[PDB]
Amino acid sequence: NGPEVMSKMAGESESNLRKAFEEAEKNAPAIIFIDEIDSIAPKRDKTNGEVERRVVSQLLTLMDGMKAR
Amino acid sequence: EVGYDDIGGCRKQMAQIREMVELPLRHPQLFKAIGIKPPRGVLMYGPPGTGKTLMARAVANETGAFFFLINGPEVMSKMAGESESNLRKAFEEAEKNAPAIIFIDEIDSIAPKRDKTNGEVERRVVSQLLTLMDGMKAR
Amino acid sequence: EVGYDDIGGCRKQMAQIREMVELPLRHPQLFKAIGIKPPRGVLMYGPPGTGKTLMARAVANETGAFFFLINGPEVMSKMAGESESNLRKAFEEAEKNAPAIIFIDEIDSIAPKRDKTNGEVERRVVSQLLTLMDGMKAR
Amino acid sequence: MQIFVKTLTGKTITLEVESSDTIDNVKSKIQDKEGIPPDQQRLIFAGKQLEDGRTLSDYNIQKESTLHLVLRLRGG
Amino acid sequence: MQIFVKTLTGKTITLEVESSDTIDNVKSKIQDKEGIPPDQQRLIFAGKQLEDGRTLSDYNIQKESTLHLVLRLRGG
Amino acid sequence: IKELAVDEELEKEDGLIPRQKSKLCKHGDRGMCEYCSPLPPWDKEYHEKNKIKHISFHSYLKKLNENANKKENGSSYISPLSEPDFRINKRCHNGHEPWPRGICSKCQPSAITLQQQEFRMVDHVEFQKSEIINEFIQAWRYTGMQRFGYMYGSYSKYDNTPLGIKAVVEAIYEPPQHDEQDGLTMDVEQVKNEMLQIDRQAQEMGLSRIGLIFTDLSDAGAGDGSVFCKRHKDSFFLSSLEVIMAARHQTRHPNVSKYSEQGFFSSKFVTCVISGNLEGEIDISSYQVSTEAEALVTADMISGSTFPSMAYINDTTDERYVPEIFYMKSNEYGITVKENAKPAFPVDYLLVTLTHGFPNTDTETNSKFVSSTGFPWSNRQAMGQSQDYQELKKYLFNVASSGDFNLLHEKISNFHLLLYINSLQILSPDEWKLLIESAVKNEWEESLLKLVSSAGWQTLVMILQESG
Ligand SMILES: Nc1ncnc2c1ncn2[C@@H]1O[C@H](COP(=O)(O)OP(=O)(O)OP(=O)(O)O)[C@@H](O)[C@H]1O
Ligand SMILES: Nc1ncnc2c1ncn2[C@@H]1O[C@H](COP(=O)(O)OP(=O)(O)OP(=O)(O)O)[C@@H](O)[C@H]1O
Ligand SMILES: [Zn+2]
Ligand SMILES: [Zn+2]
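Rules behind the numbers
As drawn, each chain counts its residues from 1 in written sequence order, possibly unlike the entry's numbers, and residues without coordinates are not displayed. Starting at A for chains and at 1 for ligands, labels are handed out in the order in which the entities are written. A larger assembly contains the chains shown, and all values are computed for the shown part only. With hydrogens and water stripped out, all remaining heavy atoms of the structure feed into the side-chain values. Comment: elements are numbered from the N terminus, with helices defined as DSSP H or I runs of at least four residues and strands as E runs of at least two. A helix is expected to span 1.5 Å multiplied by its residue count minus one. Buried, partly exposed and exposed residues are distinguished by accessible area as a fraction of the type maximum, computed with a 1.4 Å probe on protein chains only: under 20%, between the cut-offs, and over 50%, respectively. In this analysis, two residues are considered to be in contact whenever any of their non-hydrogen atoms come within 4.5 Å of each other. Put simply, a salt bridge is a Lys or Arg side-chain nitrogen that is within 4 Å of an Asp or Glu carboxyl oxygen. When two parts are put together, the accessible area they lose, computed with a 1.4 Å probe and summed over both, is reported as buried area. We define a polar contact as two N or O atoms separated by no more than 3.5 Å, with the added condition that, inside protein, one atom must be a possible hydrogen donor and the other a possible acceptor, whereas residues neighbouring each other in sequence contribute only through side-chain atom pairs. In this listing, donors mean N, O and S atoms no farther than 2.8 Å from the metal, or 3.2 Å for Na, K and Ca; water is missing from the atoms, so a site can look incomplete. Among buried residues, those of type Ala, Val, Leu, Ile, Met, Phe, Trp, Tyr and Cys that are joined through side-chain atoms within 4.5 Å constitute a nonpolar core. Neighbouring residues are identified by heavy atoms, a residue being near a molecule or strand if any of them is within 4 Å of it. Accessibility throughout is a Shrake-Rupley quantity obtained with a 1.4 Å probe, and a residue counts as covered only by protein chains that appear here. Under the convention adopted here, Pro, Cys and the residues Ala, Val, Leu, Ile, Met, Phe, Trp and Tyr are nonpolar, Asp, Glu, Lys and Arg are charged, and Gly plus all remaining residues are polar. Any two strands with at least two DSSP-identified bridges between them are counted as paired. Here the axes come from fitting lines to C-alpha atoms, over the contacting stretch only for helices, and the angles between their N-to-C directions go from 0 to 180 degrees. Two rings from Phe, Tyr or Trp (for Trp, the six-membered ring) form a pair when their centres sit within 6.5 Å of each other. Planes less than 30 degrees apart are called stacked, planes more than 60 degrees apart edge-to-face, and all others tilted.

Method of determination, as given in the entry header: cryo-EM; reported resolution: 3.16 Å.

See below:
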């Protein structure tokens, strides 16, 4: 869920996404459905002061791999 | 793994960037009896989708050196200054293995210019990186 | 380490600092006889890349001293409030084997102004430094 | 004159005892050097336990012979 | 020939004997250097008590072979 | 490098904790969102729910493997499982090349926060028989003084604690020591020379010195009351003088690990003490020392204090630089932050606890050493059970001069009886190695008849019958 795993204190969200891709690899075939990704991935604007990092960058380094059929 | 032949189109920039990684590692005797010290930092910059991280991984696997990776938004802490302790942790781990190569992508995300923030911990994050690179007397 | 006469162009500020920190360090006399206590603090400033960190290591090596080095961003990166104990043990261990030189490098990353304060551990290390600086009046 | 009392840890204790005194004075002399009470102390002379009420002559203990010291409480 | 005369207390002493000699020469050799009379000189080989009036050919005593001696200790 | 056979089995198993579906789950039946995902074995929230106070180090090895190995490239295989050092690097990688003239912050040891260790190497110590340690307390019941011993045993898996190793002990060896009513202190030279030959026979029997025991009873009145209560909550748990003997024993016996850079880390050593419960019995307890801070500072800075709860911190003489030690305690008004600018800091904080226990008598896998447990021990010279060959006519005798093999082999499997026979070295070392392997292993009936047909066992019963 979008507004559920991003409301933590920036330390368990990167391990929940690591647990998400590891469990889907164990019981393939698998799909991964996420909703409200705008709450997880906003844009960089003039109103800086949010966290805006350490979670989407975890999703960047997790998704570019794992393509070994 | 990828190699030197894995990417084309930047053949002029490939032969330019191959001088500053092979000559300090393969044949370091050219820096002797000439007086100067071999440089350390190489700066790549451009639009996204040009293959910046692809060129970094291609030069690592083709030399067999101790490659390391430091991410931009990953090591940026707010607990007690842990970003200043994890930058020097990555430098001493790369110093323990010779030869080695580190890679810091999206370096503008880690301590940018102070035209906007100017008062946060990122002012003391970049000054940690000043004394870390200048204290690299290991030739 | 670097020598002593490896700095040119800064000869006027060298003669200002050779009588300031080198001459009263090796000579406990000619200050008690004149009735003037020597100064226990100097500040160097200017544009970057001018010889701030180079002149301090050069003036302290070939004179005979202890040369307690301490970096700017390396302190305050601790947990549970032990940067004050690392500062209290810094000044206590220096005076046990006097003469000593305590070179605080990058002091601007430790003490900002009170209108740009950040958190609570930044106030705790600027008041520890102001208290411990006054404790060196015992010559 | 000379005697050698040895414990179980391989440590020999030097002591100068008279040739015509009691065994209780030997237990009192080893009390002063360490601080062990002589009630639980016992002396083994080649597998034979020395009685504290006797002397050094009836057991035929000669000069500088190797002795043994062991501790054993009566009630304990 | 070289033999290994070992008593009950583990003390092994090298003696000398001929391959066709009787065991009484060994009993006389213990009587010389240890002073033991033959009523307490009890040698045992191969689980049998070696009689004093036999030789080494019956028990097949060879070179560099060990011997097991038993010494009697009594209070009466 | 090769680790132990028990250590490699705990590494291969993941040890995940399964969960079931719940009302809070909004996903389908063929999935898991967060509430029925597999739980990691290193989460301390599940540990304190079942009253487990430590996180079972093999699972702590897994929680650092997730930080070492990532989804990114890495290409390192660092595995940062090393002993954290408080000693001072002399070369220092800077301009303050001697420590007599110069020290900066990158080589200075930081101030010790005194944080408790969350992981223990050994998770649960177990025993073999209640008659084995009953002989150890019986040594105190005869001479009235304290004793000392070393525990030989092995290791296997533990299914109660998630990814945990349990400690099994088989026999207890006592070194020659000088007893005393207050405490005890023996020479380390004669013990180390004696323990070298016991490690020879422990290799063929499959034993290893992994533990030690020392007694502390203080009997009250020898009537209705059993012992006094010395160690409680307000008093000391472990005396600071016995921390030193526990620290040197762990450094002498390292544990091999491929993940460590030096080759050895996380020593598996137990220290058990007989002290008694609070109310009325002589129930025992065991704690082991901490690796994070105490294991390295014992080489340079541990000094004895007059208090049993605390230990004095001494001064620096030109090479022995120590940092300041801080801990939190309550003042007369409230609870305050770290106060310790004073020596004699407590050592009860640096101990991690264990769970001792004895197995059920109705069933077990094996016991492997229950012969009599009444044979006179090797170095019990304070007690009367230190006999010569007169005991061998009384103990075994090849029972009633013609023994049945079901009643003869049950007595031959004793630990101290087999260690007394080979000291005389009557048998060959090849025939002795099959003798001890027959007594400790199963299907012994075909090999016991090989022992009685040999001429070495015939000479042993013949030299015993003529002697007293
Ligand atoms: N020789 C090449 N030159 C340019 N692009 C290439 C080449 N070879 C492959 N590509 C494509 O370009 C992409 C490389 O982009 P890359 O992954 O480096 O993103 P990036 O934004 O440069 O990385 P970073 O996030 O570190 O900035 C690949 O997805 C690949 O399909
Ligand atoms: N007389 C000189 N003045 C300035 N720079 C010099 C001089 N001689 C040599 N240098 C070069 O300048 C470097 C020293 O600069 P330094 O480390 O002091 O930087 P800085 O900006 O002055 O102070 P900081 O290190 O705090 O930024 C040396 O690496 C050296 O090659
Ligand atoms: Zn779920
Ligand atoms: Zn240093």
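Caption draft 1: Summary view of helix α6 (residues 240-252) of chain F. Residues and elements named next belong to chain F. The end-to-end C-alpha distance of α6 is 19 Å, a good match for the 18 Å that 13 residues give at a rise of 1.5 Å each. Looking only at α6, the buried set comprises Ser 240, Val 243, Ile 244, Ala 246, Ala 247, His 249 and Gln 250. Buried residues along α6 sit against β2 (148-158), β4 (208-215), β5 (270-274), β6 (285-289), α7 (294-297) and β7 (310-311).

Caption draft 2: Up close: the pattern of salt bridges. One pass over the structure, following the stated rule, counts 26 salt bridges over all chains. For the salt bridge of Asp115(C) with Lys116(C), the shortest nitrogen-to-oxygen distance reads 3.3 Å. The exposed category is assigned to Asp115(C), whose relative accessible area is 56%. Note that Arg380(F) and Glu174(F) form a salt bridge whose closest N and O atoms lie 2.8 Å from each other. Here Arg380(F) is found in the loop between β9 (351-353) and α8 (390-395), whereas its partner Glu174(F) is found in the loop between β3 (164-173) and α5 (188-205), with 206 residues between them in sequence. Summarising the burial analysis for this pair, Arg380(F) and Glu174(F) share the class buried. Within the structure, one salt-bridge network assembled from shared partners comprises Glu135(F), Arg147(F), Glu174(F) and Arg380(F).

Caption draft 3: The arrangement of the interface of chain C and chain F in detail. Every contact between the two is made by 19 residues of chain C and, on the other side, 20 residues of chain F. Where chain C abuts chain F, roughly 1,700 Å² becomes buried across the two surfaces, and 43% of that area is made up of carbon and sulfur atoms. A per-residue breakdown of the area chain C buries against chain F is headed by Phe66(C), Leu69(C) and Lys89(C), which together make up 28% of the total. Viewed at the interface, chain F and chain C are joined by 2 salt bridges. Linking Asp315(F) and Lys96(C) is a salt bridge whose minimum nitrogen-to-oxygen distance equals 3.9 Å. Summed over the shared surface of chain C and chain F, the number is 7 residue pairs in polar contact.

Caption draft 4: Layout of the coordination of the zinc ion (ligand 3). Residue and element names in this part refer to chain F. Around the zinc ion (ligand 3), the protein contributes the donor atoms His 27 (NE2) and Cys 33 (SG), at 2.3 to 2.7 Å from the metal centre. With relative accessibility at 22%, the residue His 27 sits in the partly exposed group. Residue classification places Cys 33 among the partly exposed positions, given a relative accessible area of 42%.

Caption draft 5: Structural view of the nonpolar core. Residues and elements named next belong to chain F. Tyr 152, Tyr 173, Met 195, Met 205, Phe 415 and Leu 435 are the most contacted members of the largest nonpolar core, which has 39 residues in total. Elements supplying a minimum of two residues to this core: β2, β3, α5, β4, α8, α10 (415-424), α11 (429-440) and α13 (455-466). Excluding anything up to four places from it in sequence, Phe 415 contacts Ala 171, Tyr 173, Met 205 and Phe 369. Among the nonpolar cores identified, the runner-up in size contains 27 residues, and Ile 137, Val 227, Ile 284 and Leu 354 belong to it.

Caption draft 6: Structural detail: the side chain of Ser257(F). Residue and element names in this part refer to chain F. Tracing the sequence through the fold places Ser 257 in the loop between α6 and β5. Of the residues examined, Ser 257 reaches a relative accessible area of 12% and is grouped as buried. In this structure the side chain of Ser 257 is engaged in a polar contact, spanning 3.2 Å, whose partner is the backbone nitrogen of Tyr 259. Sequence-distant contacts of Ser 257, defined by excluding residues within four places in its chain, comprise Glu 3, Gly 263, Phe 264 and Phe 265.

Caption draft 7: Up close: unusual backbone geometry. Following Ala28(A), the chain continues into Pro29(A) via a peptide bond in cis, with omega recorded as 0 degrees. Looking at the element boundaries, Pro29(A) is found in the loop between α2 (13-26) and α3 (37-40). Along the chain, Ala98(C) connects to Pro99(C) via a cis peptide bond; the corresponding omega equals 5 degrees. Inspection of the secondary structure assignment puts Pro99(C) in the loop between α3 (83-95) and β2 (102-104). Not every positive phi belongs to a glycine, and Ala80(C) is a case in point at roughly 60 degrees.

Caption draft 8: View of the site of ligand 2. All names here are of chain C. As a structural note, the neighbourhood of ligand 2 is formed by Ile 7, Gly 8, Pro 48, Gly 49, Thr 50, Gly 51, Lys 52, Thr 53, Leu 54 and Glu 106. For ligand 2, an oxygen atom lies 2.7 Å from a polar atom in the backbone of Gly 51. Contacts to ligand 2 include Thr 53, whose side-chain N or O atom sits 2.2 Å from an oxygen atom. Burial of ligand 2 by the protein chains amounts to 58% of its free accessible area of 630 Å². Along the lines of polarity and charge, the residues of the shell around ligand 2 split into 3 nonpolar, 5 polar and 2 charged.

Caption draft 9: Molecular detail of the interface of chain F and chain E. Of the residues lining the interface, 8 residues belong to chain F; the matching set on chain E comes to 11 residues. The interface formed by chain F and chain E includes 0 salt bridges. Where chain F packs against chain E, one counts 3 residue pairs in polar contact.

Caption draft 10: Summary view of the site of ligand 1. Residues and elements named next belong to chain B. Around ligand 1 sit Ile 7, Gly 8, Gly 49, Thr 50, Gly 51, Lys 52, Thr 53, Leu 54 and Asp 105, and those are all the residues in its vicinity. Here a nitrogen atom of ligand 1 sits 3.2 Å away from a polar atom, N or O, in the main chain of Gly 8. Separating an oxygen atom of ligand 1 from a side-chain N or O atom of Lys 52 is a distance of 2.8 Å. Of the residues contributing to the shell around ligand 1, the split by class is 2 nonpolar, 5 polar and 2 charged.

Caption draft 11: Just the sheet that holds strand β5 (residues 66-70) of chain E, in detail. The strand order across the open sheet built from 5 strands is β2-β1-β5-β3-β4 (chain E), with neighbouring strands paired in mixed fashion. Two strands lie at the open edges of the sheet, namely β2 (12-16) and β4 (48-49) of chain E, each paired on one side alone. Contacting β1 (2-6), β2, β3 (42-45) and β5 of chain E, helix α1 (residues 24-33) of chain E runs over the sheet at an angle of about 125 degrees to β2(E). Lying on the sheet, α13(F) is in contact with β3, β4 and β5 of chain E; it crosses β3(E) at an angle near 165 degrees.

Caption draft 12: Examining the packing of aromatic side chains more closely. All names here are of chain F. A full pass over the atoms with the stated rule returns 11 aromatic pairs over all chains. The interplanar angle of 35 degrees and the centroid separation of 6.5 Å between the aromatic rings of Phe 57 and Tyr 60 together place this pair among those described as tilted. Placement of the pair is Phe 57 and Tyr 60 together in helix α3 (residues 57-68), with a separation of 3 residues, close to one helical turn. One exposure class covers both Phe 57 and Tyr 60, and it is buried. Each ring, one from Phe 237 and one from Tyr 287, has its centre 6.1 Å from the other, and the planes form 70 degrees; the classification is edge-to-face.

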